[PDB]
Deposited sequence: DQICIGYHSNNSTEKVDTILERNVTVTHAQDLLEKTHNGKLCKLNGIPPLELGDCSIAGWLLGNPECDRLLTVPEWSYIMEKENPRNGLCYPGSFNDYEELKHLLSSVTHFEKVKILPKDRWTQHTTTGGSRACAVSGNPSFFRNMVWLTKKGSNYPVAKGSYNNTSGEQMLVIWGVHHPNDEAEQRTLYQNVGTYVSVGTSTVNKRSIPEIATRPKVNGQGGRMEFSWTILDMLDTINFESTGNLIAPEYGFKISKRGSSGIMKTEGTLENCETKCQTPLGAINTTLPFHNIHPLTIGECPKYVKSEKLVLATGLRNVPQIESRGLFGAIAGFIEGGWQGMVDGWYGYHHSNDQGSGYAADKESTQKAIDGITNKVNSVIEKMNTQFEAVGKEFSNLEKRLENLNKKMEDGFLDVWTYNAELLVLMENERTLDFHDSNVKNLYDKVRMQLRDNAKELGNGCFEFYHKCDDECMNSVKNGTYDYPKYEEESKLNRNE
């Protein structure tokens, strides 16, 4: 009668890492990292994104003539913008607090255009101005959402306009000022000198004086246009007054939906899919809790780790008694209790320690996945030319948190793998020690892992041993008899 204790072995070829060892073969391994994407920019939960194409956000909002397909826009999930869009400010100029506006838009879904100041009310001015820098079929044109006020005859009466926000939600209004390149152009466009533009609401209050200087010709013109914006609250009023150099708005952008969104800097084109989260390189379809594609993602999907391998060893060592190696024969459990009697042999497994080990390993896996749900998520942000210190601060903070969490994940995986391998070895050793303890001195220890019984006993005796019910006082006299 022999009762050898061992561990199940198989033919898997999965390798894991450890603190003391590298490239170790195990039986069962669970991967936690996804490294594949389909390389397609496409829908999020059935709502298509907004594709600006060769357009900028400023060009979309001001109404660039080239960007005429964005005049009416349905609900969206995210915004796709090129890194250096070509169609931006048709007329050269600047946008004040552009990056703050982009940050505000990042969490704003569907807009709704409202005609707040029609073009027919300006009866004492000319509203048909345009420039060749914004040309359609060769003829001069202008922004679609704004009006350029100019002389009518030879006078420029004081321009007044007001809007009381009775729409129902918050509204965004954009206005501008014009800066000519000489006094002659100012006199030929507005018939006044020392003009002003005044805007006033319940919170904001500006009065801007046009600035005239000689400048290089950008897009053919030496003049510039300065654009500002504000957010108008419910039941609030905005007032406009100008003796000259006013670019009045015609539409305000009501905020309609709101939600979680973002702006993506991609060079791709919209295709037809349906994914759950989207990265600037492609979509992700996964159930694993980590990925290594791109830090900036939109939707609900795994955390980002800057690593190439994250494999958790949930099985045993693959080395083909337990002092020589594993057993290929066993298929039931994890720990070996070889059967060999006179009437027959067998390969029965142990149902006691196996369940405990499975529960412990599953608890460890779940704890590892659970400890990392509080990771750091990066959010896109834009910074101007004179804000390089802030940009460096943001970049360094994001990189530092990413490195910290990558280190944490890798160290946890390594330590858990080492603990798992040692845990299995200790479990097998403890089972062998318990068998030797219970059986006591009524056997000889062969050395390879099992005992040669000193007393002849049968199926009932040794399944009693397996159940931990061997009774030393029950059968020892014949053992001592055959001891001689």
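- The deposited chain is incompletely modelled, with C-alpha atoms absent over 321 to 332, 497.
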